[PDB]
file entry_30.cif (mmCIF, N, CA and C atoms)
data_run
#
loop_
_atom_site.label_atom_id
_atom_site.label_comp_id
_atom_site.auth_asym_id
_atom_site.auth_seq_id
_atom_site.Cartn_x
_atom_site.Cartn_y
_atom_site.Cartn_z
N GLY W 1 0.80 -1.22 0.00
CA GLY W 1 0.00 0.00 0.00
C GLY W 1 0.84 1.27 0.00
N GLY W 2 0.47 2.23 -0.87
CA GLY W 2 1.18 3.50 -1.02
C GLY W 2 2.31 3.45 -2.03
N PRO W 3 3.05 4.56 -2.23
CA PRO W 3 4.16 4.56 -3.21
C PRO W 3 5.25 3.54 -2.93
N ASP W 4 6.15 3.28 -3.90
CA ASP W 4 7.25 2.36 -3.64
C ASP W 4 8.44 3.15 -3.08
N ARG W 5 9.00 2.76 -1.89
CA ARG W 5 10.18 3.45 -1.33
C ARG W 5 11.34 3.48 -2.35
N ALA W 6 11.55 2.35 -3.06
CA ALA W 6 12.62 2.24 -4.06
C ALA W 6 12.37 3.19 -5.21
N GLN W 7 11.10 3.33 -5.63
CA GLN W 7 10.75 4.23 -6.71
C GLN W 7 11.08 5.69 -6.29
N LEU W 8 10.61 6.11 -5.09
CA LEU W 8 10.88 7.45 -4.59
C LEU W 8 12.39 7.70 -4.41
N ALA W 9 13.14 6.74 -3.77
CA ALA W 9 14.58 6.91 -3.50
C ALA W 9 15.42 7.00 -4.78
N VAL W 10 15.05 6.22 -5.79
CA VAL W 10 15.75 6.18 -7.09
C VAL W 10 15.53 7.50 -7.81
N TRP W 11 14.28 7.97 -7.84
CA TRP W 11 13.94 9.22 -8.49
C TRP W 11 14.66 10.41 -7.81
N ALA W 12 14.62 10.49 -6.46
CA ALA W 12 15.24 11.58 -5.73
C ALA W 12 16.75 11.65 -6.04
N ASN W 13 17.43 10.49 -6.09
CA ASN W 13 18.84 10.41 -6.44
C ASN W 13 19.07 10.91 -7.88
N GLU W 14 18.26 10.42 -8.83
CA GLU W 14 18.34 10.81 -10.23
C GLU W 14 18.14 12.31 -10.41
N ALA W 15 17.11 12.88 -9.75
CA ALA W 15 16.81 14.30 -9.80
C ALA W 15 18.01 15.14 -9.26
N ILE W 16 18.57 14.78 -8.06
CA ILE W 16 19.68 15.50 -7.46
C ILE W 16 20.90 15.42 -8.39
N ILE W 17 21.25 14.21 -8.84
CA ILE W 17 22.43 14.00 -9.68
C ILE W 17 22.25 14.73 -11.03
N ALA W 18 21.06 14.64 -11.68
CA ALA W 18 20.80 15.32 -12.97
C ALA W 18 21.09 16.80 -12.87
N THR W 19 20.68 17.42 -11.73
CA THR W 19 20.83 18.85 -11.44
C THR W 19 22.30 19.27 -11.40
N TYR W 20 23.16 18.39 -10.89
CA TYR W 20 24.59 18.67 -10.78
C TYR W 20 25.41 17.96 -11.91
N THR W 21 24.77 17.74 -13.06
CA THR W 21 25.41 17.13 -14.22
C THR W 21 25.20 18.06 -15.40
N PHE W 22 26.24 18.84 -15.71
CA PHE W 22 26.27 19.80 -16.81
C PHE W 22 27.71 20.23 -17.09
N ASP W 23 27.94 20.95 -18.19
CA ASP W 23 29.26 21.45 -18.55
C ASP W 23 29.16 22.83 -19.21
N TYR W 24 30.30 23.53 -19.34
CA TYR W 24 30.35 24.87 -19.90
C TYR W 24 29.86 24.95 -21.34
N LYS W 25 30.08 23.89 -22.15
CA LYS W 25 29.76 23.86 -23.57
C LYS W 25 28.25 23.95 -23.83
N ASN W 26 27.47 22.98 -23.33
CA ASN W 26 26.03 22.86 -23.58
C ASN W 26 25.17 23.24 -22.36
N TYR W 27 25.71 24.09 -21.46
CA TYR W 27 25.08 24.51 -20.20
C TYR W 27 23.60 24.83 -20.33
N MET W 28 23.23 25.71 -21.29
CA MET W 28 21.85 26.16 -21.49
C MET W 28 20.91 25.01 -21.84
N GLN W 29 21.29 24.12 -22.77
CA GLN W 29 20.43 23.01 -23.17
C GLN W 29 20.31 21.98 -22.04
N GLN W 30 21.39 21.82 -21.26
CA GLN W 30 21.39 20.88 -20.15
C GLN W 30 20.49 21.39 -19.03
N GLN W 31 20.54 22.70 -18.75
CA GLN W 31 19.69 23.28 -17.72
C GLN W 31 18.21 23.14 -18.09
N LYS W 32 17.89 23.34 -19.39
CA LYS W 32 16.54 23.21 -19.95
C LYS W 32 16.01 21.80 -19.68
N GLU W 33 16.89 20.81 -19.78
CA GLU W 33 16.54 19.42 -19.53
C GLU W 33 16.39 19.15 -18.04
N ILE W 34 17.32 19.66 -17.20
CA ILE W 34 17.29 19.59 -15.73
C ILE W 34 15.95 20.16 -15.22
N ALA W 35 15.51 21.28 -15.82
CA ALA W 35 14.28 21.97 -15.44
C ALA W 35 13.05 21.07 -15.49
N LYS W 36 13.05 20.05 -16.35
CA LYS W 36 11.92 19.13 -16.49
C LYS W 36 11.62 18.37 -15.17
N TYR W 37 12.63 18.17 -14.31
CA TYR W 37 12.47 17.50 -13.02
C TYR W 37 11.71 18.35 -12.00
N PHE W 38 11.65 19.69 -12.21
CA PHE W 38 11.07 20.65 -11.28
C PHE W 38 9.64 21.10 -11.60
N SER W 39 8.98 21.61 -10.55
CA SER W 39 7.70 22.28 -10.61
C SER W 39 8.02 23.70 -11.03
N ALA W 40 7.05 24.43 -11.59
CA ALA W 40 7.30 25.79 -12.03
C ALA W 40 7.91 26.62 -10.90
N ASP W 41 7.31 26.58 -9.69
CA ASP W 41 7.80 27.34 -8.54
C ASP W 41 9.15 26.81 -8.06
N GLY W 42 9.32 25.49 -8.10
CA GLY W 42 10.56 24.83 -7.72
C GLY W 42 11.73 25.29 -8.57
N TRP W 43 11.51 25.39 -9.89
CA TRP W 43 12.54 25.82 -10.83
C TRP W 43 12.88 27.29 -10.63
N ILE W 44 11.86 28.17 -10.48
CA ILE W 44 12.02 29.61 -10.28
C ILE W 44 12.93 29.88 -9.07
N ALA W 45 12.78 29.09 -7.99
CA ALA W 45 13.58 29.22 -6.78
C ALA W 45 15.00 28.74 -7.01
N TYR W 46 15.14 27.53 -7.59
CA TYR W 46 16.42 26.91 -7.83
C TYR W 46 17.28 27.77 -8.76
N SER W 47 16.73 28.14 -9.94
CA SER W 47 17.42 28.97 -10.93
C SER W 47 17.82 30.33 -10.33
N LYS W 48 16.96 30.94 -9.48
CA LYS W 48 17.29 32.18 -8.78
C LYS W 48 18.58 31.95 -7.95
N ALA W 49 18.61 30.90 -7.12
CA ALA W 49 19.74 30.54 -6.27
C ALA W 49 21.02 30.26 -7.08
N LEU W 50 20.90 29.44 -8.15
CA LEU W 50 21.99 29.05 -9.05
C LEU W 50 22.63 30.28 -9.74
N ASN W 51 21.82 31.23 -10.22
CA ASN W 51 22.33 32.39 -10.93
C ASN W 51 22.96 33.39 -10.00
N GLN W 52 22.40 33.53 -8.78
CA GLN W 52 22.89 34.43 -7.74
C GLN W 52 24.20 33.92 -7.16
N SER W 53 24.41 32.58 -7.11
CA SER W 53 25.65 31.95 -6.61
C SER W 53 26.80 32.23 -7.58
N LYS W 54 26.43 32.63 -8.81
CA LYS W 54 27.28 32.99 -9.95
C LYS W 54 28.08 31.76 -10.44
N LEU W 55 27.61 30.54 -10.06
CA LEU W 55 28.17 29.26 -10.50
C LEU W 55 28.20 29.20 -12.06
N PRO W 56 27.15 29.65 -12.81
CA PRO W 56 27.24 29.62 -14.29
C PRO W 56 28.45 30.37 -14.86
N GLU W 57 28.83 31.50 -14.24
CA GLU W 57 29.97 32.34 -14.64
C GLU W 57 31.31 31.62 -14.34
N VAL W 58 31.37 30.92 -13.18
CA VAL W 58 32.53 30.14 -12.74
C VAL W 58 32.76 29.01 -13.73
N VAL W 59 31.68 28.30 -14.07
CA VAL W 59 31.70 27.16 -14.97
C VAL W 59 32.25 27.61 -16.32
N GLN W 60 31.84 28.81 -16.81
CA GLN W 60 32.29 29.34 -18.10
C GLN W 60 33.78 29.70 -18.07
N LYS W 61 34.20 30.54 -17.10
CA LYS W 61 35.59 31.03 -16.97
C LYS W 61 36.58 29.89 -16.82
N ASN W 62 36.19 28.83 -16.11
CA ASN W 62 37.04 27.67 -15.84
C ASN W 62 36.82 26.48 -16.81
N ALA W 63 35.90 26.60 -17.79
CA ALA W 63 35.61 25.56 -18.77
C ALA W 63 35.36 24.21 -18.07
N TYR W 64 34.54 24.25 -17.03
CA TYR W 64 34.26 23.11 -16.18
C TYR W 64 33.23 22.14 -16.70
N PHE W 65 33.38 20.89 -16.27
CA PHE W 65 32.49 19.75 -16.45
C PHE W 65 32.10 19.37 -15.05
N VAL W 66 30.83 19.58 -14.72
CA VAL W 66 30.30 19.32 -13.40
C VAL W 66 29.63 17.94 -13.37
N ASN W 67 29.98 17.14 -12.34
CA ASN W 67 29.42 15.81 -12.10
C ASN W 67 29.25 15.61 -10.60
N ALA W 68 28.32 14.74 -10.21
CA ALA W 68 28.06 14.47 -8.80
C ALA W 68 27.70 13.02 -8.56
N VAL W 69 27.88 12.57 -7.31
CA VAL W 69 27.61 11.19 -6.89
C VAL W 69 27.21 11.20 -5.42
N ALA W 70 26.27 10.34 -5.03
CA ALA W 70 25.85 10.25 -3.65
C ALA W 70 27.00 9.70 -2.80
N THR W 71 27.19 10.24 -1.59
CA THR W 71 28.23 9.71 -0.69
C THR W 71 27.58 8.81 0.33
N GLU W 72 26.24 8.85 0.40
CA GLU W 72 25.37 8.03 1.24
C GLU W 72 24.01 7.89 0.59
N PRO W 73 23.26 6.79 0.82
CA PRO W 73 21.92 6.67 0.22
C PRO W 73 20.98 7.75 0.74
N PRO W 74 19.94 8.18 -0.03
CA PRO W 74 19.06 9.24 0.51
C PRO W 74 18.20 8.75 1.67
N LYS W 75 17.81 9.69 2.51
CA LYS W 75 16.89 9.49 3.61
C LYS W 75 15.57 10.04 3.12
N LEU W 76 14.49 9.25 3.24
CA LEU W 76 13.17 9.71 2.80
C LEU W 76 12.20 9.90 3.93
N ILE W 77 11.44 10.99 3.88
CA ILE W 77 10.37 11.23 4.82
C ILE W 77 9.14 11.61 4.00
N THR W 78 7.95 11.19 4.47
CA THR W 78 6.66 11.50 3.86
C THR W 78 6.05 12.66 4.61
N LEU W 79 5.78 13.75 3.90
CA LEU W 79 5.19 14.95 4.48
C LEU W 79 3.66 14.90 4.35
N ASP W 80 3.15 14.24 3.31
CA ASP W 80 1.72 14.02 3.07
C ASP W 80 1.60 12.90 1.99
N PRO W 81 0.40 12.30 1.75
CA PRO W 81 0.32 11.18 0.79
C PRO W 81 0.98 11.42 -0.58
N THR W 82 1.10 12.70 -1.01
CA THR W 82 1.71 13.05 -2.30
C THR W 82 2.95 13.92 -2.15
N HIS W 83 3.46 14.15 -0.94
CA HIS W 83 4.63 15.02 -0.77
C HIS W 83 5.70 14.35 0.08
N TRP W 84 6.93 14.33 -0.45
CA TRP W 84 8.08 13.71 0.20
C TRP W 84 9.26 14.64 0.28
N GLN W 85 10.20 14.27 1.14
CA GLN W 85 11.45 14.97 1.30
C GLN W 85 12.58 13.95 1.31
N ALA W 86 13.62 14.21 0.53
CA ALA W 86 14.82 13.39 0.50
C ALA W 86 16.04 14.21 0.97
N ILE W 87 16.80 13.65 1.89
CA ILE W 87 18.03 14.26 2.39
C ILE W 87 19.15 13.35 1.90
N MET W 88 20.06 13.86 1.08
CA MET W 88 21.13 13.02 0.56
C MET W 88 22.45 13.81 0.46
N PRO W 89 23.57 13.28 1.01
CA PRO W 89 24.85 13.98 0.83
C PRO W 89 25.47 13.60 -0.53
N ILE W 90 26.04 14.56 -1.26
CA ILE W 90 26.66 14.28 -2.56
C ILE W 90 28.06 14.87 -2.66
N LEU W 91 28.86 14.32 -3.57
CA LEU W 91 30.18 14.84 -3.91
C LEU W 91 30.08 15.44 -5.31
N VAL W 92 30.37 16.72 -5.45
CA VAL W 92 30.33 17.42 -6.72
C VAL W 92 31.78 17.69 -7.19
N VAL W 93 32.09 17.35 -8.43
CA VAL W 93 33.40 17.59 -9.01
C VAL W 93 33.27 18.58 -10.19
N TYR W 94 34.05 19.64 -10.14
CA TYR W 94 34.15 20.67 -11.17
C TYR W 94 35.50 20.43 -11.81
N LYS W 95 35.49 19.79 -12.97
CA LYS W 95 36.74 19.36 -13.58
C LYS W 95 36.97 19.98 -14.95
N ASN W 96 38.25 20.19 -15.25
CA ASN W 96 38.74 20.61 -16.56
C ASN W 96 40.08 19.84 -16.78
N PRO W 97 40.70 19.89 -17.99
CA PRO W 97 41.95 19.12 -18.20
C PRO W 97 43.14 19.58 -17.34
N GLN W 98 43.16 20.85 -16.93
CA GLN W 98 44.28 21.39 -16.15
C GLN W 98 44.10 21.10 -14.64
N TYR W 99 42.87 21.28 -14.11
CA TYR W 99 42.60 21.14 -12.69
C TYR W 99 41.14 20.78 -12.38
N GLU W 100 40.88 20.56 -11.09
CA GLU W 100 39.65 20.10 -10.47
C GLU W 100 39.26 20.89 -9.23
N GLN W 101 37.98 20.85 -8.89
CA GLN W 101 37.41 21.46 -7.68
C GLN W 101 36.39 20.49 -7.15
N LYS W 102 36.48 20.17 -5.88
CA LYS W 102 35.58 19.19 -5.29
C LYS W 102 34.80 19.86 -4.19
N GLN W 103 33.59 19.37 -3.95
CA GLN W 103 32.73 19.91 -2.91
C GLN W 103 31.73 18.87 -2.43
N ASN W 104 31.55 18.79 -1.11
CA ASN W 104 30.56 17.93 -0.47
C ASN W 104 29.38 18.78 -0.03
N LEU W 105 28.17 18.39 -0.45
CA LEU W 105 26.93 19.11 -0.16
C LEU W 105 25.87 18.23 0.46
N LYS W 106 25.06 18.80 1.35
CA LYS W 106 23.88 18.14 1.92
C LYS W 106 22.73 18.66 1.11
N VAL W 107 22.09 17.81 0.31
CA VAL W 107 20.97 18.24 -0.51
C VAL W 107 19.65 17.81 0.15
N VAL W 108 18.76 18.79 0.36
CA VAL W 108 17.41 18.60 0.88
C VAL W 108 16.47 18.83 -0.29
N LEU W 109 15.82 17.74 -0.72
CA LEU W 109 14.93 17.74 -1.87
C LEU W 109 13.47 17.51 -1.46
N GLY W 110 12.65 18.54 -1.67
CA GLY W 110 11.22 18.49 -1.45
C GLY W 110 10.61 18.14 -2.79
N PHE W 111 9.76 17.11 -2.83
CA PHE W 111 9.20 16.72 -4.11
C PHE W 111 7.78 16.17 -3.95
N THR W 112 7.06 16.13 -5.07
CA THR W 112 5.66 15.72 -5.08
C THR W 112 5.29 15.00 -6.37
N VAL W 113 4.02 14.55 -6.46
CA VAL W 113 3.43 13.96 -7.66
C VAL W 113 3.33 15.13 -8.68
N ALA W 114 3.93 14.97 -9.86
CA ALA W 114 3.94 16.02 -10.89
C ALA W 114 2.54 16.38 -11.41
N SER W 115 2.41 17.63 -11.84
CA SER W 115 1.19 18.12 -12.42
C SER W 115 1.14 17.70 -13.92
N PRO W 116 -0.06 17.63 -14.57
CA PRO W 116 -0.11 17.15 -15.97
C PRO W 116 0.92 17.78 -16.90
N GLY W 117 1.56 16.93 -17.69
CA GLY W 117 2.59 17.32 -18.64
C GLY W 117 3.90 17.80 -18.05
N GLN W 118 3.95 17.93 -16.72
CA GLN W 118 5.15 18.40 -16.05
C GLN W 118 5.85 17.26 -15.28
N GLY W 119 7.05 17.56 -14.79
CA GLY W 119 7.88 16.63 -14.06
C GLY W 119 8.56 15.60 -14.93
N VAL W 120 9.26 14.66 -14.28
CA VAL W 120 9.94 13.53 -14.89
C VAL W 120 9.43 12.27 -14.22
N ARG W 121 8.82 11.40 -15.03
CA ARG W 121 8.28 10.09 -14.64
C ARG W 121 7.24 10.20 -13.52
N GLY W 122 6.50 11.32 -13.50
CA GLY W 122 5.43 11.51 -12.54
C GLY W 122 5.77 12.25 -11.28
N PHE W 123 6.99 12.79 -11.16
CA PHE W 123 7.35 13.57 -9.97
C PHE W 123 8.00 14.85 -10.36
N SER W 124 7.83 15.84 -9.49
CA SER W 124 8.36 17.18 -9.63
C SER W 124 9.07 17.61 -8.37
N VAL W 125 10.21 18.29 -8.53
CA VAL W 125 10.97 18.88 -7.43
C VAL W 125 10.25 20.14 -7.04
N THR W 126 9.87 20.27 -5.77
CA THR W 126 9.20 21.49 -5.28
C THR W 126 10.24 22.43 -4.67
N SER W 127 11.35 21.87 -4.16
CA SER W 127 12.47 22.61 -3.55
C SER W 127 13.74 21.77 -3.54
N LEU W 128 14.85 22.44 -3.76
CA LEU W 128 16.19 21.88 -3.72
C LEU W 128 17.05 22.86 -2.97
N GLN W 129 17.54 22.42 -1.82
CA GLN W 129 18.40 23.21 -0.98
C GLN W 129 19.68 22.46 -0.72
N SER W 130 20.81 23.09 -0.98
CA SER W 130 22.08 22.45 -0.75
C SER W 130 22.96 23.32 0.11
N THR W 131 23.53 22.71 1.13
CA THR W 131 24.43 23.40 2.04
C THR W 131 25.77 22.64 2.02
N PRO W 132 26.93 23.36 2.00
CA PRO W 132 28.22 22.66 2.00
C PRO W 132 28.45 21.94 3.31
N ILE W 133 29.02 20.73 3.22
CA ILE W 133 29.33 19.87 4.36
C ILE W 133 30.77 19.37 4.28
N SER W 134 31.16 18.70 5.34
CA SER W 134 32.44 18.06 5.48
C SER W 134 32.44 16.78 4.66
N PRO W 135 33.61 16.31 4.19
CA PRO W 135 33.62 15.03 3.45
C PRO W 135 33.35 13.85 4.40
N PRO W 136 32.94 12.66 3.90
CA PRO W 136 32.73 11.53 4.83
C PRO W 136 34.06 10.82 5.13
N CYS W 137 34.09 9.89 6.12
CA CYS W 137 35.33 9.15 6.39
C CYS W 137 35.17 7.65 5.99
N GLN W 138 36.23 6.80 6.22
CA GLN W 138 36.28 5.37 5.85
C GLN W 138 37.43 4.62 6.55
N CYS W 139 37.35 3.27 6.63
CA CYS W 139 38.36 2.39 7.23
C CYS W 139 38.23 0.96 6.70
#

call {"tool": "encode", "arguments": {"input": "entry_30.cif", "output": "structure tokens"}}
result
Amino acid sequence: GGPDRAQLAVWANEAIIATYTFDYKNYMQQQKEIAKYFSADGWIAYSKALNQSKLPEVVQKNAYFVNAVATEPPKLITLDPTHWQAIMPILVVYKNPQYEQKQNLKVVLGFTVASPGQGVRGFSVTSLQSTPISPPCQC
């Protein structure tokens, strides 16, 4: 009964990773595709934050290729029958042939059942918040 935890966890990971997968060359077309994962209001907020961070300008000046990977599986919470939140730590790499830049982020993803013709595979990002964190450890 209810949604599939695996379906929600897989989508939340895909949505977070898609958002942090772009490069200086095709940036605009890639962002247009990333936008499909979001709700209209969700995108307006995210794009506002992304442009204000001036990350698009950094990516251009440094000819970067941005990629990301989860450092831990996402944590899911149900806010209402159609609204969920995923908390997932990721590693983002800003790479070019000369050098690299790495960053660990805590991504808080608010998401819901997509509205007609919108979202990706039936879900829409309502909010994406990322705060820088410490890297994880191992033994």

call {"tool": "closest_residue", "arguments": {"input": "entry_30.cif", "among": "W:130, W:7, W:115, W:138", "to": "residue W:41", "atoms": "only C-alpha atoms"}}
result
W:115

call {"tool": "residues_around", "arguments": {"input": "entry_30.cif", "residues": "residue W:68", "least_positions_apart": "5", "cutoff": "8 Å", "atoms": "only C-alpha atoms", "output": "list in words"}}
result
residues 17, 20, 21, 90, 91, 92 and 93 of chain W

call {"tool": "closest_residue", "arguments": {"input": "entry_30.cif", "among": "W:116, W:36, W:133, W:42", "to": "residue W:103", "atoms": "only N, CA and C atoms"}}
result
W:133

call {"tool": "atom_distance", "arguments": {"input": "entry_30.cif", "atom1": "atom CA of residue W:89", "atom2": "atom CA of residue W:44"}}
result
23.1 Å

call {"tool": "closest_residue", "arguments": {"input": "entry_30.cif", "among": "W:49, W:62, W:70, W:43", "to": "residue W:110", "atoms": "only C-alpha atoms"}}
result
W:43

call {"tool": "closest_residue", "arguments": {"input": "entry_30.cif", "among": "W:67, W:134, W:129, W:118", "to": "residue W:24", "atoms": "only C-alpha atoms"}}
result
W:67

call {"tool": "residues_around", "arguments": {"input": "entry_30.cif", "residues": "stretch 120-126 of chain W", "least_positions_apart": "4", "cutoff": "6 Å", "atoms": "only C-alpha atoms", "output": "VMD selection string"}}
result
chain W and resid 37 to 39 42 110 to 114
